[PDB]
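below is the sequence, then the experimental coordinates.
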Amino acid sequence: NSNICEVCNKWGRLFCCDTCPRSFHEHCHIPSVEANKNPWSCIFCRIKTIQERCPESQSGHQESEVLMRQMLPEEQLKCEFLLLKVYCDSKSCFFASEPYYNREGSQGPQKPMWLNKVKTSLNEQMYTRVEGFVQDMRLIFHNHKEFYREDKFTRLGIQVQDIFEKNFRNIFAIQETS
Ligand SMILES: [Zn+2]
Ligand SMILES: [Zn+2]
Ligand SMILES: [Zn+2]
């Protein structure tokens, strides 16, 4: 196994996957690394199994159909994995915890949103469809773009949204387009 957390790239108290060489901090893995379970298989491995069990699941899909899916166990897992892929980028630090808004010339968003709030919402099974998770994730970056206006810091929202969107298209096998 690797000697650093796959998510935050630091050492520490690491749980090792039994079926691949990745390792994780307890609360860096999503869901949080399970108490017992020997062997234990990481989210990466669980996602790869879904694909291997249903190879056709990799055929292209329309985004509108994916969004309307109910949050059955496989879709719950796919959203958890997508969330984890965003935390894998170090720039997610800006979006992880609860924001506050006091900048001359700007007003805070009407509906603040942040990664740890989406993480709790997934853990608490608050989303009934994929659409609820995706809308909160896109709202994080939209709020950031609107608040920061012409400040160059706006770019951090574009960057992390691009990580989200690329991983959304990969994990949910969205049909490739020009
Ligand atoms: Zn970590
Ligand atoms: Zn694994
Ligand atoms: Zn099948």
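That came through fine. Numbering: from 1, shown residues only. Ligands and ions are numbered 1, 2, ... in the order given.

so which bits of this protein are right by ligand 2?
17, 20, 42, 44, 45 (CB under 5 Å from the ion). Placement of C-beta: from N, CA and C, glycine included.

swap in 6 Å and give it another go.
Contacts of the chain with ligand 2, taken as CB under 6 Å from the ion, map to 17, 19, 20, 22, 41, 42, 44, 45.

for those, which one is nearest residue 158?
residue 44 (26.4 Å; CB to CB).

just give me the residue right at the centre of the chain.
The residue lying closest to the centre of the chain (CA atoms, centre = their mean) is residue 83, at 1.0 Å.

now do the contacts for that residue.
Shown in contact with residue 83 (CB atoms under 8 Å, 6 or more residues apart in numbering): 30, 115, 118, 119, 122, 133, 137.

cool, residue 58 as well?
By CB under 8 Å, 6+ apart, the contact list for residue 58 reads 51, 173.

gap between it and ligand 1?
Per CB to the ion, to the nearest Å, residue 58 is found 29 Å from ligand 1.

please apply the same query to residue 44.
Residue 44 sits 14 Å away from ligand 1 when distances are taken as CB to the ion.

that residue: neighbour count?
18 (other CB atoms under 10 Å).

on the three-state scheme, it is what?
helix (DSSP: H, G, I helix; E, B strand; the rest coil).

equivalent analysis for the one 5 residues further on, please.
The local conformation at residue 49, judged by three-state DSSP, is helix.

domains of this structure?
1-59, 60-178 (curated CATH domains).

gap between the shortest one and the chain center?
On the basis of CA atoms, centre = their mean, to the nearest Å, the separation between the geometric centre of domain 1-59 and that of its chain is 14 Å.

burial count for residue 115?
With other CB under 10 Å as criterion, residue 115 counts 20.

against ligand 2, how distant is the closest residue to it other than its chain neighbours?
Nearest non-adjacent residue to residue 115, counting by CB to CB, 6 or more residues apart in numbering: residue 96, 4.7 Å away. According to CB to the ion, residue 96 stands 23 Å off from ligand 2.

same thing with residue 144?
Residue 144 is 32 Å from ligand 2, by CB to the ion.

list the buried residues of the strand or helix carrying that residue.
Element membership of residue 144 [criterion: DSSP states H and E] is helix 130-148. Within helix 130-148, the residues that count as buried by 16 or more other CB atoms under 10 Å are 130-134, 136-137, 139-144, 147-148.

identify all contacting residues around it.
Contacts of helix 130-148 (CB under 8 Å, 6+ apart): 66-69, 71, 75, 78-79, 82-83, 86, 94-95, 99, 101, 103, 106, 108-109, 111-115, 117-118, 121-122, 126-127, 154, 156-158, 160-161, 164, 168, 172.
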